[PDB]
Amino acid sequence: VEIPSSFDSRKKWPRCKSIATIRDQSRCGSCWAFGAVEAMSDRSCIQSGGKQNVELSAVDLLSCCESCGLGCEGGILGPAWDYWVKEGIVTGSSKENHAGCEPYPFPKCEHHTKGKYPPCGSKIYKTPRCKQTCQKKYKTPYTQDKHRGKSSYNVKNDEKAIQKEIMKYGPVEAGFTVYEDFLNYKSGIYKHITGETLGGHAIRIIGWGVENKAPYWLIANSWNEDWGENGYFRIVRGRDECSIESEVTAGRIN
C-alpha cells in the first residue's frame, strides 16, 4: 500500500472517540500505562468495528501488572502489552468522569505549563494498590469487564514500518528520551536543542504530517488538553529524534 504524505488516525476512524481523547497521568509516572491503555482502547474500537468501544482503565494496568516495573516510578512497554493479552484490562475513566469499573484515582494537574488546573508540582503519589474490584455503582463483575488483546509486539525501528503499522491497525505506543527542553514545549515541531537527559516518556503516536516540508509525528500526550497543542505534540520524524522510532510497541485484538 502507498504511504500518504500525511495521516491522522482520528480522520480514518472518527467513530472511535478514544482516538481524540487526551488523558492526564496526574502526579504519577504512569505514562507507560497511559500510552498502552489509550492505544489499546483505540485499537479495540478500530479492530472490532465498534463492538468494543471502551475506555480502558489506566489504574488496573498500573496497579496490577507485576512484571511492568515500578508503577508510578516508571514502567516497561512490552510487559504492559503482554499483560493486556494475558490478563486483560477492565474499563475506567478519569477521576472526574468517575465511570467504568476502575476510574483513575488521581486528579488533573498542569505538567510544567499554564492552565486552569493546579500545578502538578514535585510530589509523586504512591502506586495505587491492586484492588481487582469495580467501583460500587459499576455493576458488571470485574472479571467480566476484562478486555484482552490477542497478540503484542515490538514494531521495527523504521519510519515506513511504523507508518504502515499505524495506518493498518491504529495508534501505537512509543518511548522517547526526555531532555530538559521538552518540559518547556508549547507548540511546533519538537526536537532536542538544549538541556540534559532527564528520563523517558511513553506516549501514543496517532499519525504524521509535514509543515513547510519538515516531517513530523503527531503524538497524543497524557498531560491533559492544556499542555502543548491541545494536548498533542509534534516531533521530528525519520531521524530517530530522542529515540522516538526505537521503542514502538503495539498489539491486536484479533
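One rule holds for the numbers: they count along the sequence shown, beginning at 1. Rigid core: the largest C-alpha set superposing within 1.5 Å between the two forms.
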| property | result |
| --- | --- |
| Greater Cα displacement in 7 other deposited structures of this protein once the core is superposed, comparing 87 to 95 with 133 to 141 | 133 to 141 |
| Given 48 to 56 and 209 to 217, the range whose Cα B-factors average higher in the PDB entry | 48 to 56 |
| Higher-scoring stretch by recorded Cα B factor average, 167 to 175 or 123 to 131 | 123 to 131 |
| Residue of maximum C-alpha B factor among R23, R234, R239, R10, per deposited coordinates | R239 |
| Highest recorded Cα temperature factor - choice among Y138, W81, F182, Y104 | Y138 |
| Position of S94 among the chain's modelled residues by C-alpha B-factor, lowest, middle or highest third | middle |
| Within-chain third of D226 by Cα B-factor, per the entry | middle |
| Third of the chain's Cα B-factor distribution that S30 belongs to, per the entry | lowest |
| Relative C-alpha B-factor of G188, binned into the chain's lowest, middle or highest third | middle |
| Chain-wide C-alpha B factor ranking for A36, given as lowest, middle or highest third | lowest |
